[PDB]
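This document opens with one chain alone, in structure tokens, the form deposited in one PDB entry.
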């Protein structure tokens, strides 16, 4: 009866859910401000155009996005813990809802009502809030609530951010340390730790989006635990089109530093499991294509790390055990966020209302 829904953009489970995923992606004006008036029309064009290259990438990494598997694993593992940790909230049923990928919020919501859920928690898998990710996903949830649950059957609450959750910080530091063990001792303290997070379009950044600064907070907290032993730097990956994106591209920095450093390590700072971003962009692109493939290494993604899973369960417990169906920052985010169809009152969306 208690629904724990993990949420993120998603990824195509099979090589061809790609064109559908991509179309859904570019059709969302809340993600990348392409055209407030013709985003969808423009989207199917961009989708039909980018499908070949992307489709080939999912093939070069096994033939699909591992997101769904890892998300389902994490969700149920977190629920098993809450069952023993929060017996006060009876069984905790794991759910997964992706913004663009397969299990869409609409599908998932149907189930939840069919399974008779009364209390639910939208658990954003992005530790750092961005209107483009969590915001978009919340605007979707609102649409679903209205169309699927008019009688306001389910009572929702949202975990909208957690940049410095203990398990998260502790899991990343442990993984960073053991990965450093692969470098030769006399050079270990010199390896540069490049925290690579998905970039953001300057248009979003300039709305005063919360994302940039929150990633920075996670990074610094990790370096404190590591006692600032190594040189570090927060850089950004991805980026699409001519429009400008954020501060120093992971790709350019790596190439520029290659000749100067004893080594480099990439850290998937903004995500919780493996996906096309790490398995391809980083592994086959940045690393497996550089002449320095040797002095280049990547920190393990969180995936099924138990410190991390325990940190998430703890994160949830603190959430359930309190008021606030959302953080103090959310109302400000929606005040600054840009959308054709936004949630006007966060207070009407999350709560009893029955």
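Rigid core here is just the name for the largest C-alpha set that superposes within 1.5 Å across the two forms. Residue numbers count along the first chain shown, from 1.
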Given 84 to 92 and 98 to 106, the range whose Cα B-factors average higher in the PDB entry: 84 to 92
Higher-scoring stretch by recorded Cα B factor average, 108 to 116 or 129 to 137: 108 to 116
Maximum C-alpha temperature factor, selected from 148, 251, 169, 193: 148
Residue with highest C-alpha B-factor in the PDB entry, from 233, 179, 225, 188: 188
Position of residue 239 among the chain's modelled residues by C-alpha B-factor, lowest, middle or highest third: highest
Residue 52 - which third its CA temperature factor falls in, relative to the rest of the chain: highest
CA B-factor ranking of residue 157, expressed as a third of its chain: middle
CA B-factor placement of residue 75, once the chain's modelled residues are sorted into thirds: highest
Residue 208 - which third its CA temperature factor falls in, relative to the rest of the chain: lowest
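In what follows, reference is made to the form deposited in another entry, a form of this protein that is not presented.
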Rigid core superposition between this form and the one not shown: residue from 299, 67, 302, 31 with Cα shift of 2 Å or more: 31
Shift of residue 317 between this form and the one not shown at or above 2 Å (CA, core fit): no
Exceeds or equals 2 Å, Cα of residue 56 between this form and the one not shown, core fit: no
Exceeds or equals 2 Å, Cα of residue 329 between this form and the one not shown, core fit: no
Inter-Cα distance between residue 36 and residue 147 in that other deposited form, nearer or further [3 Å or more]: closer
Note on residue 147-residue 35 C-alpha separation in that other deposited form, which departs from the shown form by 3 angstroms or more: closer
